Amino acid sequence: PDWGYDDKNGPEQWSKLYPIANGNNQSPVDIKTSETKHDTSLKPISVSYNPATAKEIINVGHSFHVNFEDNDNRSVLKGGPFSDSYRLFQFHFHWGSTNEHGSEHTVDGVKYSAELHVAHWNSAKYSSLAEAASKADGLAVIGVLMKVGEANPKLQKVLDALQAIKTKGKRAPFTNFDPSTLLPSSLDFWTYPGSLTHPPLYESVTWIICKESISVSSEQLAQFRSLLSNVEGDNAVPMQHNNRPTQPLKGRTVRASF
């Protein structure tokens, strides 16, 4: 690809190939709690995922993705600021070189070790992810900040699957898994209109950021960074980091459900 996270093809240079990178609805962002606007119009978040929709895990070079079958509404997200039902299709993570950083969103300037993203597309208005991907109200992503600490047992199945997709392009069946089990006990959240955090960077994401974080150990994070960005046979190139710096809010208002 013509983009990555290196010095030459990293976030700082993405605007040269993708001008929208300097847009008005870019993500992630720093959430300043003193400036958040509590909205009583926000309903609780509701997630109902069917473990049978889990499909495959893929090493995409810069990260790894766990995709789900999205032919129907067996797995959906509702409530919050949505009136329409959003269909789950994937979840993945972002992390940094060291524990000091790794998350994409930040709260009051505080950076966490990694971040979990659970993505969905508007199947109420659109017919496919491809169509919805570029629509202002096309995507919905739940972001969960991961604070380094005790090992998180709920990450086990995912972590155990990485040894099968070590190098770029590798992919394997990943089934019978319900990602709602990775979410924090409380679903209080913040929401704002944003975008994909990496190319194509479409400003089509309604973000749902959980107030409560989930844990992850230094060793578990080591496993993410142990993934390789090269194709099998070439010299190993560890996947050290894949988080984008926070972007300018530019007038946007972050709403709180609590």
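Residues carry their position along the shown sequence, with the first being 1.
Enquirer: Using only the Cα atoms and their B-factors as the entry lists them, report which of 122 to 130 and 85 to 93 averages higher.
Expert: Going by the record's values, the stretch with the higher mean is 122 to 130.
Enquirer: If you average the Cα B factors in the entry, which is higher, 36 to 44 or 186 to 194?
Expert: Going by the record's values, the stretch with the higher mean is 36 to 44.
Enquirer: Of the options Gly79, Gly143, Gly169, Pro173, which has the highest CA B factor as deposited?
Expert: Among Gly79, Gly143, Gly169, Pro173, the PDB entry lists the largest C-alpha B-factor for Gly79.
Enquirer: Choose from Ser113, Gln156, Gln163, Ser180 the residue with the greatest Cα B-factor as stated in the PDB record.
Expert: Result of the comparison over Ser113, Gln156, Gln163, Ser180: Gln156.
Enquirer: Should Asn152 be placed in the lowest, middle or highest third of its chain by the C-alpha B factor in the entry?
Expert: Within its chain, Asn152 is a middle-third residue by C-alpha B-factor, going by the deposited values.
Enquirer: Lowest, middle or highest third of the chain for the C-alpha temperature factor of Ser75?
Expert: It falls in the middle third of the chain.
Enquirer: Which third, lowest, middle or highest, does the CA B-factor of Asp137 fall in along this chain?
Expert: Its C-alpha B-factor belongs to the middle third of this chain's values.
Enquirer: Could you look up the Cα B-factor of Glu104 in the entry and say which third of the chain it sits in: lowest, middle or highest?
Expert: Within its chain, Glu104 is a lowest-third residue by C-alpha B-factor, going by the deposited values.
Enquirer: Comparing against every modelled residue in the chain, figure out the third that the C-alpha B-factor of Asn9 lands in (lowest, middle or highest).
Expert: According to the entry, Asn9 has a C-alpha B-factor in the chain's highest third.
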